[PDB]
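Have a look at the structure below, then the notes.
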Amino acid sequence: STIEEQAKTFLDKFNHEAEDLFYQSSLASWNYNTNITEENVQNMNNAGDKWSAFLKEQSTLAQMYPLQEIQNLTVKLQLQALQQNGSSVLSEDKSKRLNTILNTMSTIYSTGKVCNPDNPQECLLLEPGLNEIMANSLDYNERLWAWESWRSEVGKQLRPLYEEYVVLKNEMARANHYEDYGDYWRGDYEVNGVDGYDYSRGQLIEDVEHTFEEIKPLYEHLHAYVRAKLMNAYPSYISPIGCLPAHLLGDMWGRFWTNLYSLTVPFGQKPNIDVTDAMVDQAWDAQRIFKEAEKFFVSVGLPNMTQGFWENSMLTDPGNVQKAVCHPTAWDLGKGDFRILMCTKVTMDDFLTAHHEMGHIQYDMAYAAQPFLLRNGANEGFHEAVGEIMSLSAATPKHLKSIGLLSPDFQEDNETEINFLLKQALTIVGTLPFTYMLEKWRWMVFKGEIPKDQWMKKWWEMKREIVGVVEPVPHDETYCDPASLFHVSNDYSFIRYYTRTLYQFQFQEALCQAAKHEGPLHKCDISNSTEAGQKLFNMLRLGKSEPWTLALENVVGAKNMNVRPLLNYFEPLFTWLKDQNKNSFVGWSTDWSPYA
Amino acid sequence: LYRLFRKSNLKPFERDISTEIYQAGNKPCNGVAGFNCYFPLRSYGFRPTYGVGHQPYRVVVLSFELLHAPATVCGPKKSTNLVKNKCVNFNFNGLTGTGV
Ligand SMILES: *[C@@H]1O[C@H](CO)[C@@H](O[C@@H]2O[C@H](CO)[C@@H](O)[C@H](O)[C@H]2NC(C)=O)[C@H](O)[C@H]1NC(C)=O
Ligand SMILES: *[C@@H]1O[C@H](CO)[C@@H](O)[C@H](O)[C@H]1NC(C)=O
Ligand SMILES: *[C@@H]1O[C@H](CO)[C@@H](O)[C@H](O)[C@H]1NC(C)=O
Ligand SMILES: *[C@@H]1O[C@H](CO)[C@@H](O)[C@H](O)[C@H]1NC(C)=O
Ligand SMILES: *[C@@H]1O[C@H](CO)[C@@H](O)[C@H](O)[C@H]1NC(C)=O
Ligand SMILES: *[C@@H]1O[C@H](CO)[C@@H](O)[C@H](O)[C@H]1NC(C)=O
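Those sequence lines, one after another, are chains A and B. Residues 7 to 602 (the working numbering) make up the first sequence, in order. Residues 561 to 660 (the working numbering) make up the second sequence, in order.
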């Protein structure tokens, strides 16, 4: 005879009854991905839509309760995880027409069709093969030609859709008590009521800028040193004391800088430690790489994977006579049956990606007691973080010399550790400033400060602030400079990549606190250490019913955004960059252009 | 169809067969349990691909009522071989003894 009784009743129903439908959707998408047939596409034609409809109905029947005076706080956490009505929040016509416009204006970008004016027989596609013609093109001018052709072919029609979307999406969430539609994913894990373990939506933007004062001696030094090694292949187009053109990178805008590594090796006489020669011995397959992974997974302390994983997913080759998908995806099927959407072969990257999904599985099963709607990570960027740090721990030289991958007598080279640090850094810490600067500007624009006619011109001006990506020529309102990324077309949750990177190596540091690894960092396994397994056991079980930073504050020691772990991970790399930056400059003279 | 709604727990040797709507709010539900009202006995929703504790388990748990009544059911108490012409401590059908 109160709000509490019926609230707890219908949510106790909802947990299990909607976990059933989520499991149905997960198995449908699984059957499609594993078996690309004529009717498996229907597996999604009735799964996601029905899940969204059930979410909407449950939210509608749940919001009739005040959901504020109830003594329990987890009930509100799943209730505030239920209040994502989505789509129509202000008006049916405007919201639904914008969503239908998105339905085609996202696939127009995903089409990846390029019709070169020279010859239509050459095209540029959004497939990874483009990295061989943009990220790793042999000719110097071919990269610039590919960039200009790609832009002029895909971005001509992307301006009005993006402009109208950004203009008209604010009020939908503004009537949803969210400051702009960016508040949908900026403050997903924003909870009030209890001090200390709380978050603020406006705190993120203000904390973005001031936390990079100590990042600069690391990221800026890495940018400056590597730049000195770009001169050997780009004559009269480098200016190491200044900036570099946008087509001189492993990414078209500046996300990935690792594709310049082969050109920018510190010492090229010694290669990085590779495990491929190890598979020369007996050719570790997925069913064997997974088993040998348990040497640093059973000894941790946490149990094995699900017993149903080793009986349903394919092991050798999903192809056979059956089309299938084996892309890197973090899957949480639910109902105690969690599996990996990946087949592992002879490849260091395949070896890494093998552990990502199984660490994800371990994370998901570690909090089986969480509510179904709360059966996720701390936020968007914490579920995948600990899931992938186990993948990042596969290529550990102190652990590679244990299972025949490397003989445990070869001494670590002068720069091979530094070589691997620099190679890995350009992908993870060379991408963080992208979200640090451009995403922060994007949130400011979502706040509404930029006018109608400053979207493209101002991008070049503020790219001369932190990231340092410059272009030979600017463009007027006839190209698609700012919003031309795969993840910026549909306001994708970049916090899942932001709090991912800021809170990246703190998990490994917390793993190594009781592992007694003080000399070498950035490579350390938790094998034969029960304390390490049981101290982040709280990390893998916190989920969403617990505060997002309970185990984080209790174990890691950094409740809010932390800068020290990033510098400590690359501490040998940071010291090397700060030491071997002689006869050069560290800062960027942004007021410079080679074309002019 | 395992039951999920009841007013209270179950008493010793108490069986529930009525699918009564679990009223919790003073507002009458009545008829079809719809708005803020729901039916009992939620389904398993089981599928052949689950974990460990997600499958049906048959139970024939014993709760024998060993009161002051005489015991009808007893132990099988099997027999041994039969011995003739030499002394044994026979225990035929209750009556003990010793002889040939
Ligand atoms: C964890 O402890 C185990 C068990 O002592 C060790 O793994 C073995 O160590 C021996 C050396 O004594 C080597 O043959 C291999 O490294 C392991 N062999 C087998 C069959 O597992 C080792 O101390 C630790 N394991 C690691 C570091 O992987
Ligand atoms: C979602 O829809 C319900 C049902 O109309 C409504 O009560 C609620 O205010 C809406 N918004 C949120 C954030 O729940
Ligand atoms: C959850 O609700 C229970 C009552 O059902 C209460 O005892 C408990 O303290 C609540 N937990 C939180 C975190 O509010
Ligand atoms: C891990 O141990 C469990 C014990 O319950 C069992 O499923 C099996 O031995 C292991 N599972 C694996 C290796 O997937
Ligand atoms: C599943 O894949 C098999 C081959 O692996 C083949 O029978 C077909 O593609 C699928 N089976 C169906 C759709 O019944
Ligand atoms: C690494 O090479 C440097 C020269 O660049 C020199 O100090 C020495 O040969 C090596 N240093 C160490 C610490 O091994």
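Just so it is clear, CB atoms sit at the ideal spot from N, CA and C, and this is done for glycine as well.
Cβ-heavy atom distance, residue i to ligand 4, below 7 Å
i	result
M140/A	no
Proximity test, residue i beta-carbon vs ligand 1 heavy atom, cut-off 7 Å
i	result
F500/A	no
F302/A	yes
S413/A	no
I409/A	yes
Any non-hydrogen atom of ligand 5 within 7 Å of residue i CB
i	result
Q519/A	no
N326/A	yes
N238/A	no
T43/A	yes
Burial state of residue i (16 or more Cβ within 10 Å)
i	result
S397/A	buried
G135/A	exposed
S535/A	buried
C634/B	exposed
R566/B	exposed
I424/A	buried
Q417/A	exposed
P251/A	buried
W598/A	exposed
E477/A	buried
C349/A	buried
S551/A	buried
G387/A	buried
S319/A	buried
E467/A	exposed
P488/A	buried
Span of the alpha helix (DSSP H), counted from its first residue to its last, around residue i
i	result
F513/A	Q512 to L517
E25/A	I9 to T40
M545/A	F543 to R547
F302/A	Looking at the DSSP string, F302/A is not in any alpha helix (DSSP H), and its letter there is neither H nor E.
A179/A	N176 to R180
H523/A	Unbroken run through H523/A: none, as it is neither H nor E.
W594/A	Counting along the chain, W594/A falls outside any alpha helix (DSSP H), and DSSP gives it neither H nor E.
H614/B	Premise fails: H614/B is in no alpha helix (DSSP H) and is neither H nor E.
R566/B	Here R566/B belongs to no alpha helix (DSSP H), and DSSP marks it neither H nor E.
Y190/A	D189 to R192
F426/A	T422 to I434
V592/B	Per DSSP, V592/B belongs to no alpha helix (DSSP H) and is neither H nor E.
Near ligand 6: residue i beta-carbon under 7 Å from a heavy atom
i	result
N534/A	no
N420/A	yes
Distance cut-off 7 Å: residue i Cβ against heavy atoms of ligand 3
i	result
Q417/A	no
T437/A	no
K14/A	yes
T80/A	yes
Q460/A	no
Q376/A	no
CB contact check: residue i to chain B, cutoff 8 Å
i	result
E128/A	no
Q540/A	no
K276/A	no
residue 659/A	An answer regarding residue 659/A cannot be provided, because it is not within the stretch 7 to 602 covered by chain A.
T312/A	yes
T15/A	yes
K329/A	no
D531/A	no
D370/A	no
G549/A	no
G342/A	yes
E63/A	no
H22/A	yes
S7/A	yes
is_contact[residue i, chain A] using C-beta, thresh 8 Å
i	result
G585/B	yes
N596/B	yes
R602/B	yes
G591/B	no
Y610/B	yes
Near ligand 8: residue i beta-carbon under 7 Å from a heavy atom
i	result
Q84/A	Only ligand 1, ligand 2, ligand 3, ligand 4, ligand 5 and ligand 6 can be found as ligands here, which leaves ligand 8 out of the picture.
What is the chain-ordered set of residues for which the beta carbon lies under 6 Å from any non-hydrogen atom of ligand 2? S65/A, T66/A, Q69/A, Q89/A, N91/A and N182/A
Check each residue's C-beta against every heavy atom of ligand 4 and list, in chain order, those closer than 5 Å. Spelled out in chain order, the answer is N310/A, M311/A and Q313/A.
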